[PDB]
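*Asks:* 16 is the number of the first residue of the sequence shown in PDB author numbering; add one for each residue after it.
The beta-carbon is built from N, C-alpha and C at its ideal position, and this holds for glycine as well.
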Amino acid sequence: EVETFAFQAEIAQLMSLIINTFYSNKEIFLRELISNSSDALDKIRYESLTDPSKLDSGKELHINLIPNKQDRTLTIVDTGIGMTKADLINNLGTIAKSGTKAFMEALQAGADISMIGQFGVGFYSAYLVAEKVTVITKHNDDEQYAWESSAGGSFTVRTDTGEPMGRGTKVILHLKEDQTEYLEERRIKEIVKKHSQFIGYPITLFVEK
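(1) If you count every other CB in all the chains shown that lies within 10 Å of the CB of residue 66, and 16 or more means buried, which is it?
(2) Less than 8 angstroms between the CB atoms is what I'm expecting for residue 78 and residue 49, so what's the real figure, rounded?
(3) With three or more C-beta pairs closer than 8 angstroms as the rule, is the region 135 to 149 touching the region 186 to 201?
(4) Counting only C-beta atoms, is residue 79 closer than 7 angstroms to chain D at any point?
(5) Just confirm the distance between the C-beta atoms of residue 114 and residue 22, as a whole number of angstroms; I'd bet it's less than 8 angstroms.
(6) Closest by CA to residue 213, which one among 46, 39, 19?
(7) Specify whether the region 23 to 40 and the region 115 to 131 touch according to this definition: at least 3 beta carbon pairs, one from each stretch, less than 8 angstroms apart.
(8) Does the distance from the C-beta atom of residue 172 to that of residue 25 stay below 7 angstroms?
(9) Need the endpoints of the beta strand (DSSP E) that residue 106 sits in, please.
(10) Which of helix, strand or coil does DSSP assign to residue 178?
(11) Output the boundary residues of the alpha helix (DSSP H) element that contains residue 32.
(12) Look up residue 155 in the DSSP assignment and say whether it is helix, strand or coil.
(13) Which runs of the beta strand (DSSP E) spanning at least 3 residues fall entirely within the region 61 to 92, listed in chain order?
(14) Three or more C-beta pairs closer than 8 angstroms, one from the region 200 to 219 and one from the region 148 to 157: is that the case here?
(15) For residue 117, collect the residues of the same chain with a Cβ closer than 7 angstroms to its Cβ; drop the 5 residues on either side in sequence, then sort them by chain order.
(16) Return the Cβ separation of residue 98 and residue 107 in integer angstroms, given the expectation that the two are a contact with Cβ distance under 8 angstroms.
(17) Tell me residue 220's beta-bridge partners as DSSP assigns them.
(18) Judging by CA-CA distance, which residue of 81, 219, 88 is the nearest neighbour of residue 147?
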């Protein structure tokens with residue numbers, strides 16, 4: 016069964032802004048999603064320091080980037096702490112209501128969109144390039160869930176029956192038709208080297224057939 020939720024008004028406004036503002040430097044979405052994955056990996060690593068059984072669901076801490084030109088999707092996978100159902104409903108584990116307010120005031124005082132991650136809402140930069148985002152996640156303390164939103168004021172949450180993930184988060188970006196450069200190996204490598212050179216986990220870029 017699928018549950019449908021309305022976004023809080025502030026988040027709907029943030030998403031409408033991201034989608035409708037003219038902003039050419041869209042590549043920053045990948046920097047922000049990788050930073051989120053690195054934070055999620057840090058959290059499970061910290062919890063493992065005092066309870067090593069937290070890693071029973073997978074000892075490898077890494078980030079995988081999976082382009083698929085047939086489906087026009089770019090998937091970002093990490094083996095971080097994952098998100099419970101409550102985390103998903105509460106704006107994917109962010110303080111997005113207060114962060115959105117701070118970000119929109121900053122935009123008034125001479126900030127640009129590339130500063131979004133400094134306000135804790137970098138996930139939503141995915142909508143610079145994606146028409147729909149699917150998030151599949153598994154936290155040690157909960158079941159495997161899928162979150163999805165095309166925007167438009169609502170999101171869905173359902174129990175995921177797909178392949179089990181063990182632990183972590185998969186972000187699936189359904190790219191807009193004019194944003195397919197982010198499926199190209201040379202372009203992804205350029206972005207990772209420019210923005211994510213010092214991330215402290217291995218990043219593997221998968222190849223396509």
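*Replies:* Taking the coordinates as given:
(1) The residue is exposed, with fewer than 16 neighbouring Cβ atoms inside 10 Å.
(2) Yes, residue 78 and residue 49 are in contact; Cβ-Cβ is about 6 angstroms, under 8 angstroms.
(3) Yes: the two stretches touch, three or more of their Cβ pairs being nearer than 8 angstroms.
(4) No chain D appears in this structure, which consists of one protein chain only.
(5) Contact check for residue 114 and residue 22: beta-carbon distance about 14 angstroms, past the 8 angstroms limit, so the pair fails to qualify.
(6) Of 46, 39, 19, the residue nearest in Cα terms is 46.
(7) Because the criterion of three Cβ pairs below 8 angstroms is met, the region 23 to 40 and the region 115 to 131 touch.
(8) In this structure, residue 172 sits away from residue 25, with a CB-CB distance that is not shorter than 7 angstroms.
(9) Run containing residue 106: none; DSSP gives neither H nor E here.
(10) In the structure shown, residue 178 adopts coil according to DSSP, grouped into three states.
(11) It spans 24 to 35 - the alpha helix (DSSP H) in which residue 32 sits, taken as one unbroken run.
(12) Correct three-state label for residue 155: coil.
(13) Note on the region 61 to 92: whole beta strand (DSSP E) runs with a minimum of 3 residues are 78 to 83, in chain order.
(14) The region 200 to 219, when compared against the region 148 to 157, does not touch it at the 8 angstroms Cβ threshold.
(15) 134, listed in sequence order.
(16) That pair is a contact at about 6 angstroms.
(17) For residue 220, the beta-bridge partners assigned by DSSP are 80.
(18) Check the Cα spacing between residue 147 and each of 81, 219, 88: the tightest is with 88.
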